[PDB]
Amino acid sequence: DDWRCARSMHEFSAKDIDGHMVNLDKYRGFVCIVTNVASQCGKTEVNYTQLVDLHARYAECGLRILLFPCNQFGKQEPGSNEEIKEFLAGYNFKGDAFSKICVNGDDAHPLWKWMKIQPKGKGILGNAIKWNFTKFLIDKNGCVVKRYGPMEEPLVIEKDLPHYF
């Protein structure tokens, strides 16, 4: 339960959607959008298409996309990691997908615990993730620099990206 003392996303690890453990220090030097996702959500179409767009236009500038499936909201991510991976392929997603996790509660993955208590990752009255497609912008040093709620479309993030490239 050391997660509170971390200073950077780069001190965490998580299994990708294929089951291999990934060390998030691989993202040092890159700007990262970290988001909890779901396949059967009214937000799903606009979030995936805009995130794929952003990653296409800004990958060379250093932008990376980290997707964490999460079934805690309306049971809107009920499939296996396998089916999520094919779902993402239908959007032509080229970023990094991770295995399904929890984002709220004591079982929440330690990275999401850490993001929620950061000075720029705290939420509107309470820090809990409120629904699918909350987005955290992470800088090249692995620090949370902004948090966007489920209603904020990914293109809203675009105006904040140049400052970190």
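The first residue of the sequence shown is number 1, and the count goes up from there.
Stretch exceeding the other in mean C-alpha B-factor - 19-27, 146-154: On average, C-alpha B-factors are higher across 19-27.
Residue stretch of maximal mean CA temperature factor, 123-131 vs 60-68: Mean CA B-factor is higher for 123-131.
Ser99 by Cα B-factor - lowest, middle or highest third of the modelled chain: As the PDB entry reports it, the C-alpha B-factor of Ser99 lands in the highest third of its chain.
Third of chain Cα B-factors occupied by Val34: Bottom third by C-alpha B-factor.
Within-chain third of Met115 by Cα B-factor, per the entry: For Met115, whose C-alpha B-factor we compare with every modelled residue in the chain, the answer is the lowest third.
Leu54 - which third its CA temperature factor falls in, relative to the rest of the chain: CA B-factor rank for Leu54: lowest third.
Chain-relative CA temperature factor third for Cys41: As the PDB entry reports it, the C-alpha B-factor of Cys41 lands in the middle third of its chain.
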